[PDB]
Amino acid sequence: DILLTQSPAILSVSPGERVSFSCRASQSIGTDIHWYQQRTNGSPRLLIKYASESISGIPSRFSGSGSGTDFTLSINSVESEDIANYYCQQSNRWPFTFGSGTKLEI
Amino acid sequence: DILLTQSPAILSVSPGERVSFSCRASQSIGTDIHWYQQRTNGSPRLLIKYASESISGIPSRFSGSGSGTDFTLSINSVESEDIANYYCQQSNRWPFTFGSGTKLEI
Amino acid sequence: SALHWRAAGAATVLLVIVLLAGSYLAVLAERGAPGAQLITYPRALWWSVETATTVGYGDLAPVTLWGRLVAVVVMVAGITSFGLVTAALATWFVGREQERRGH
Amino acid sequence: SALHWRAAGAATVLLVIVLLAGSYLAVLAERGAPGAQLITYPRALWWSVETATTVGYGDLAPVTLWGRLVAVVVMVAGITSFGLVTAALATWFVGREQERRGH
Amino acid sequence: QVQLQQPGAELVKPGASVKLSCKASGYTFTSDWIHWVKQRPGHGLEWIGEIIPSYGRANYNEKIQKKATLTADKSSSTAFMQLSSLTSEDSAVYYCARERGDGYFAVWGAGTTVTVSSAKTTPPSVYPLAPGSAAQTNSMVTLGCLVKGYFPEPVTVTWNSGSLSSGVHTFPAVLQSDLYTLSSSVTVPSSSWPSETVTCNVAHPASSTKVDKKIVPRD
Ligand SMILES: CCCC[N+](CCCC)(CCCC)CCCC
Ligand SMILES: CCCCCCCCCO
Ligand SMILES: CCCCCCCCCO
């Protein structure tokens, strides 16, 4: 199975600053990584599909990059609504696996 | 040739607890790993074939997981009969190789 | 319409059905097998095409029994369909050569 | 039964025999070579099919001399058998086109 | 409309079994896969299994203990996950997600909080929280609702049927003798209260009881 490590678990950023989340895969998965957002007592919400493709309804400040084993979720000018946990998930090999998660605090 | 490292060599578990054995391959072998059990002064006994397939006669508490280089042999609720040595063996590339072995103690 | 052209068009339609059914059945057969990459329909359709054409890049390949049995059907359907097209072209050329010879 | 259809059926049966014999002889030839992956019969049969169809994904490939010589026979047998099928289809279409022309 | 509809909570005795649901709406194709994800309090997302309703084949995560069985019902467009022999380790939030066969989970359900305990279901008690007679108020004013003595989790508290969300805090519950207790804060301008009514809507799905409570001043 494919392991998805997200380090560090917590990222401290002052308001209005760019923040990058890291997701490393144990083996190459091309661009089959997907990002999700989960606020407190909320269900996960798809932010980015296939590493860098946008989703309708997601704010423009959310973006993604990377291919192979290293993938990045970037938030340009962080805001209070962006305080949540951020997971990555791979769809290259069965079964689908999740990352441990990275919390964003302001 | 393919190297199969089993670490640690000894696992201490209290009765009725799940225990996981680790088998790492020097290179990717898909799911061509097989698990065996050898009690004291006994011959090896096949427990799991092709990483996660069951064998007739093996108790239900034995299971397997993993693909690629990392493979796991799990025993749900360990019992006294489960005290033995556990080997993994790969069949992806010639020649077939064995793991060093992991002993289970209660 | 002559037979060999009707049979070619029928083979082309049949090939598209095999590609679509092969892509659906491959994902259904490959999910559940750890390490399998033929588990999403868009790339499964791409894999089926490069299988029926016998190109076989190697980016996608089935690992399960039924996923490989689906592959075999896709291979035969692709080789046969394109072969029937070649056979129809031969009939066209031979029929035209008979008229070119007066016979 | 006409020749070209009997020959096609004979070629199909012969191809199955080549696939089965090729899978047995590949494992017999590849075991003993360090790094060889064509060493178990189920996947060897899958390798033989994707060889006779000339798909060649790359998941399995022989490394020994006799394992590759077995591969060559499988390739020729597969190309020839499917080619004879195409040839039989051409005869069917040409024979039908003669009757369509009255001749 | 919501695409995946799950119950609020399910109280299961240790060793007993439960069957969860996930009613699907919206566009449904033959290439749809319904997934189930487990999330324990204080843990990440854990993939359980998948099922294709247009065929009925179900796959399961082989790394974890298999305690689930996935079924589907095309006549009602509802997938089911049957959990058997539950312990405290199985107490988590179980989401269902719909994948269009292309890898990602485009839509998630609200999740069913499964609590494995030996206790008994207790509906909550809601109490108003108004400032005392001697209390200097600024430009704003804070009101509250006390939700105590309920089991199991969760409770969804809204203010004025959801129309009031800005300035709303809901503190996590505390466990005290097999009973939970929390409070919810709301900050409206001082001029708006008590002229404009302020009520809290405490819904406890485990007991199928949703209760309102108006916040009127003391004397
Ligand atoms: C230029 C493409 C030719 C590929 N063929 C026939 C097409 C079948 C889709 C493969 C047949 C193998 C059965 C002929 C190769 C003969 C060397
Ligand atoms: C070649 C026949 C199609 C394969 C049968 C469906 C796939 C198996 C699902 O378990
Ligand atoms: C092409 C002839 C078959 C190969 C001969 C058997 C394989 C060699 C075993 O040493």
Side-chain angles (χ1 to χ4, degrees), chain A residues 15 38-43 79-85 103-106, chain E residues 2 6-11 39-42 91-93 110-115 117 119 121-135 139-164 167-176 179-218:
Chain A
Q38 183 176 33
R39 299 194 173 97
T40 304
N41 302 128
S43 59
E79 294 172 28
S80 300
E81 57 168 289
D82 300 329
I83 300 180
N85 296 326
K103 187 200 302 177
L104 177 66
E105 67 182 31
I106 300 187
Chain E
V2 63
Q6 299 180 264
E10 295 283 356
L11 185 63
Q39 181 174 39
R40 299 204 300 174
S91 297
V93 176
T112 295
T113 299
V114 176
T115 299
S117 174
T121 306
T122 61
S125 303
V126 187
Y127 301 134
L129 297 179
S133 301
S139 69
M140 306 291 295
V141 57
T142 74
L143 306 175
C145 270
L146 173 66
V147 185
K148 84 157 301 303
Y150 70 94
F151 191 91
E153 288 265 41
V155 285
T156 107
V157 32
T158 35
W159 286 96
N160 286 331
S161 301
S163 64
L164 216 45
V168 172
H169 297 336
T170 297
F171 304 91
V174 207
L175 207 163
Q176 179 77 299
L179 288 176
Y180 290 99
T181 293
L182 54 77
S183 295
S184 184
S185 166
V186 58
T187 302
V188 295
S190 53
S191 54
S192 62
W193 191 71
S195 47
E196 320 297 334
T197 79
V198 174
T199 71
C200 71
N201 325 110
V202 179
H204 185 243
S207 61
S208 301
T209 55
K210 47 189 63 177
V211 175
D212 297 305
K213 200 67 176 182
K214 192 181 301 178
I215 309 301
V216 293
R218 307 172 62 94

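Throughout, protein chains are lettered first and strands after them, A, B, ... in sequence-line order, and every chain is numbered starting at 1. Just the heavy atoms: all of them, side chains too, but no hydrogens, waters or symmetry mates, feed the values below.
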Which heavy atom of E/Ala9 sits nearest a heavy atom of E/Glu153, and at what distance?
CB-O, 3.5 Å

Write down the atom of E/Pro205, the atom of E/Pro154, and the distance for their closest heavy-atom approach.
CD-O, 3.6 Å

For residues E/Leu11 and E/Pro152, report the shortest heavy-atom separation together with the two atoms involved.
CD1-CG, 3.8 Å

Heavy-atom closest pair, residues E/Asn201 and E/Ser161
OD1-N, 2.7 Å

Between A/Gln38 and A/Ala84, what is the shortest heavy-atom contact and its length?
O-CB, 3.2 Å

Pair E/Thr181-E/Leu146, side-chain contact (heavy atoms from CB on, under 4.5 Å): steps then yes or no:
CA-CA 8 Å; E/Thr181 293; E/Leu146 173 66; 4.1 Å; yes

Has E/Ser184 got a side-chain atom pairing as donor or acceptor with E/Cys145's backbone, closer than 3.5 angstrom?
no

Separation between OH (E/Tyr150) and OG1 (E/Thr122), nearest 0.5 Å, reads 9.5 Å

Hey, does the side chain of E/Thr113 reach the backbone of E/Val93 with a donor-acceptor pair shorter than 3.5 angstrom?
no

Going by the rule salt bridge (charged side-chain N to carboxylate O under 4.0 Å, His left out), which residues pair with A/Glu105 if we only count those two or more places apart in sequence or in a different chain?
none

Straight-line distance of E/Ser91 OG to E/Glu10 CD, nearest 0.5 Å
12.5 Å

I want to check something: taking the side chain as every heavy atom from C-beta on, are A/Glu79 and A/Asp82 in contact at a cut-off of under 4.5 Å?
yes

As an exercise, state the distance from CG of E/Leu164 to OG1 of E/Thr158, rounded to the nearest 0.5 Å.
10.0 Å

For E/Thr209, which residues count as a side chain to side chain contact (heavy atoms under 4.5 Å, CB included) partner, sequence neighbours excluded?
E/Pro123, E/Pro124, E/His204, E/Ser207

Spacing of E/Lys213 atom NZ and E/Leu129 atom CG [to the nearest 0.5 Å]
11.0 Å

Checking E/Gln6 side chain against E/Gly111 main chain: does a donor-acceptor pair fall under 3.5 Å?
yes

Are there more than 12 heavy atoms of other residues, nucleotides or ligands under 6.0 Å from atom CG of E/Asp212?
yes

Working to the nearest 0.5 Å, report the span between CD of A/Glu81 and CD1 of A/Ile83.
10.0 Å

Can you sort out the partners of E/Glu196 under salt bridge (charged side-chain N to carboxylate O under 4.0 Å, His left out), two or more places apart, ordered by chain and number?
none

Counting N and O atoms only, with roles assigned by atom type, does the side chain of E/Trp193 sit under 3.5 Å from a partner on the main chain of E/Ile215, one being a donor and the other an acceptor?
yes

Heavy atoms only: give me the nearest E/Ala119-E/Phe151 pair and the separation to one decimal.
CB-CE2, 3.6 Å

Looking only at atom types and distance, does a side-chain atom of E/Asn160 sit under 3.5 Å from a main-chain N or O of E/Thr199, one as donor and one as acceptor?
yes

Testing E/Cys200, E/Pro128, E/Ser185, E/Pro131 for side-chain contact (heavy atoms from CB on, under 4.5 Å) with E/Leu143, which one passes?
E/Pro131

Would you confirm whether E/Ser190, through its side chain, and E/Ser139, through its main-chain N or O, come within 3.5 Å as a donor-acceptor pair?
yes

Enter the distance from E/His169:NE2 to E/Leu182:CG here, rounded to the nearest 0.5 Å.
14.5 Å

